[PDB]
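Just so it is clear, none of the values below were taken in a lab; they were calculated from the coordinates. Cβ sites come from the backbone with ideal geometry, for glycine too, and all protein chains shown count toward neighbours.
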Amino acid sequence: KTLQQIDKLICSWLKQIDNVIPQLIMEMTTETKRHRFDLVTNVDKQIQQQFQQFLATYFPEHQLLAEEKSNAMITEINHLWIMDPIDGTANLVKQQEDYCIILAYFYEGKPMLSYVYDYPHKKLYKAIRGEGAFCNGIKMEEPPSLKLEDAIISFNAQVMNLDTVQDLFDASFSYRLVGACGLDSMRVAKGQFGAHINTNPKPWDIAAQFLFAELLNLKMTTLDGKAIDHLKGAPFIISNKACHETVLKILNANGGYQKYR
Amino acid sequence: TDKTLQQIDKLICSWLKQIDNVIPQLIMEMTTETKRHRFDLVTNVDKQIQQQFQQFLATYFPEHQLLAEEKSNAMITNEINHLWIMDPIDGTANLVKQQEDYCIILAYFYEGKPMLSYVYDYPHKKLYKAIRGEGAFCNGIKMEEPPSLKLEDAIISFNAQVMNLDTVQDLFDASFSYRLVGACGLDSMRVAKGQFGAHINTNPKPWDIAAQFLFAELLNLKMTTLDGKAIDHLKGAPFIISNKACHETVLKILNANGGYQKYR
Ligand SMILES: [Cl-]
Ligand SMILES: [Cl-]
Ligand SMILES: [Mg+2]
Ligand SMILES: [Mg+2]
Ligand SMILES: [Mg+2]
Ligand SMILES: [Mg+2]
Ligand SMILES: [Mg+2]
Ligand SMILES: [Mg+2]
């Protein structure tokens, strides 16, 4: 009853944002964080601060865990929003396409509302506990079963040793990459991909995905097959249920997926 | 009669725009066959689009000849005055697995010279076309030459499954990052738009790269063999389409250390 009303507000703040992003891009500035491949723009900072604003205006006891700010906070919180203000910043800057806003609301640690907004295609994926998962308002259904050898898979090949990359190439139908965790994960949710791996995501990179995986019967675990703490990064996979185990075993086999060189 | 290029372009665009009405039905009744091996796919979508275009050609340009993927091309010579090259669905695997990330490729060569080219991104309804003497366009929005992109500042795309893993690693190290759409025509347009620095296909057929000649010409792109030579539009060859400022570096990374084949 209440989720539906908070959802309307979120969907509304997301409508205002279509009208703000053009201006932000028009005046785009770009900085590096940890190294030259780690980008941040005023688009990331401003979407985030404006959400911060929204929360302060309508839910000021709700807390925010977000990418472009310090997050010294607890293990604990009743109302928690996790936000990736732009997921796919390299894609934003390099391509001005294939990036999204990721948002997720947790109530007493339980995911309740999730948003992955593909702003370049004006496609909003949302998940609402009690109602379902939607893409621009049409109900998404559990994808068909996909075994690994019938599935396209997606992952960052530069962060794994090449033997494991090759085992992954050999077991799956093919390999693609979108370059945004939220959008590669939505492909799994839609059934276009069998699995998306990210071996070092941050909580904002994967926060919306928990509710989508639950409502659509996906598997979403660490690369050791365990539950992921929504509050803390872990190496993670989101997968069709019929290829999940096969990917984990390949990832873990022959000394594991990490670089040795 | 005798037509201007603009008249020919008007015909093609409308035929392409008309295919929007046909495709939803073909996709809902989608059936797949195999070609060279179990994963070399062809669908009723590929076959109907190419059949309708051959019939469009017999209707409007009866002297014109068709070089296309889903038929034999034994009768195609180098003497041909009016030739179309078609990939009816470029990215069939994507059509089958995703119903996204595939396109229709067409190009017209007058006496061996590219005059008209089309990469129709149907799932998104974006028509990229290039018309000699007019320019290149994405939905009638004119495209211009992309900014210089050094490899180290550029995203690149290639099939990493078909190359020496060492070359792959070198390609990763030297570029800003890696991405893959999975249709040559679509990965090529990302280069034409300045979104990727380069796309490589080490074994394209003529129809995978036919439209791209004129786009590279109109937009100042480098489009060459992996040896840096001209490509024969009639015969496949290993190929790169690239921003100007990163083409040399990519080709040297490819040919380094005995080259990019898995056995070197
Ligand atoms: Cl996407
Ligand atoms: Cl594309
Ligand atoms: Mg970032
Ligand atoms: Mg981000
Ligand atoms: Mg992110
Ligand atoms: Mg084919
Ligand atoms: Mg084809
Ligand atoms: Mg093709």
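Details
- In Hz, Karplus ³J(HN,Hα) per residue of region A:56-73 (6.51, -1.76, 1.60; θ = phi - 60°; x = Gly, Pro): 5, 6, 10, 9, x, 8, 7, 9, 10, 10, 9, 5, 9, 7, 4, 10, 4, 6
- The residues A:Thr164, B:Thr202, when put in order of fewest to most other Cβ atoms within 10 Å, stand as B:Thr202, A:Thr164.
- Listed by chain and number, the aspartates and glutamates whose C-alpha is less than 13 Å from the C-alpha of B:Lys125, apart from same-chain residues fewer than 8 away, are B:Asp20, B:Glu100, B:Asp101.
- Equivalent ellipsoid of region A:142-261: semi-axes from √(5λ) of the C-alpha gyration tensor, largest first, are 20, 17, 12 Å.
- Dipole in debye (nearest 20) - region B:116-158, about Cα centre, beta carbon charges: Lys, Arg +1; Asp, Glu -1: 260 debye
- The GluC sites (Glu not before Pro) of region A:98-161 meeting both criteria, a DSSP state outside H, G, I, E and B (loop) and at most 16 other C-beta atoms within 10 angstrom of the site's C-beta, are A:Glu108, A:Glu131, A:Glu141.
- For region A:1-95, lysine pairs separated by 8 or more sequence positions, or belonging to different chains, with Cα-Cα distances below 23 Å total 7.
- Taking the number of Cβ atoms within 10 Å of each Cβ as an exposure proxy, the fewest-first ranking of B:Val119, A:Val40, B:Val162, B:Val250 is B:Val162, A:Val40, B:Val250, B:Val119.
- Region A:58-135 and region B:215-246: distance between their alpha carbon centers, rounded to Å: 42 Å
- Using equal-weight Cα scatterers in the Debye expression, the normalised intensity of chain B in log10 at q = 0.11, 0.12, 0.13, 0.17 Å⁻¹ is -0.59, -0.70, -0.83, -1.40.
- For region B:145-264, the tally of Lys pairs with Cα-Cα distances below 16 Å comes to 12, considering only residues 8 or more apart or on different chains.
- Rounded to the nearest angstrom and listed largest first, the equivalent-ellipsoid semi-axes of the protein assembly as shown from its Cα gyration tensor are 41, 25, 23.
- With K and R counted +1 and D and E -1, the other residues having a Cβ less than 15 Å from that of A:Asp170 yield a net charge of 0.
- For A:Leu177, distant residues with modelled amide H under 5 Å away: B:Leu180
- Rg over Rh [alpha-carbon atoms, Kirkwood Rh] for region A:1-141: 0.96
- Chain B: calculated mean residue ellipticity at 222 nm from DSSP helix runs of at least 4, using -39500 (n - 2.57): -9500 deg cm²/dmol
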